[PDB]
């Protein structure tokens, strides 16, 4: 708990060399994961690189293990460690989507470098003051998604045949991407007043967005 061998390990994990080594590895596994992208490189130096990968996964597990010895329950209430935990855990399951999620370990460069932690933490910090407006927005989407599903799903199954599909399309209308040439004008060929649904939608959603952003600037 504060004994002979505890304090030995503690002085290692807390050493700058520990951090730097880990950061050094992250930038290295980073570059390695970008070259693994090339089947040319993969064909030649490929096995070299599978090697470096479990090496790094092992080093990271050892590290995480140590960090829990040194920190115990303090470790499992730290966001930055919990991230490092789950990211490294993912990289330990041997469903290809998990093989790809391995790349999430590169986000450890964020947890590791305090300049980054501080940046991310600044960004995350404005989200709580947004929840109420975001709650309002989601209700809005949900309601309009229902309305659109049953107004247009039958003739327009791809875009609106399903509550989820309508959610997708409504998000696309919010981003303004092809909303008129690709969605609303087609609808109007069948539903001449469809414009009464999407223009108010676009007005509300955009007004909310601007205010949401004025919200952020309301602290500064």
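Numbering follows the first chain given and starts at 1.
Going from residue 128 to residue 129, the model skips none of the deposited residues; the chain is continuous there. For the segment pair 143-151 and 77-85, the entry gives 77-85 the higher mean B-factor, averaged over Cα atoms. The mean Cα B-factor in the deposited entry runs higher for 107-115 than for the other of 134-142 and 107-115. When the Cα B-factors of 209, 196, 9, 23 are read from the PDB record, 9 comes out highest. When the CA B factors of the chain's modelled residues are split into thirds, the value for residue 32 lands in the middle one.
In the PDB entry, residue 70 places in the middle third of its chain by CA B-factor. In this PDB entry, the Cα temperature factor of residue 59 sits in the middle third of its chain's modelled residues.
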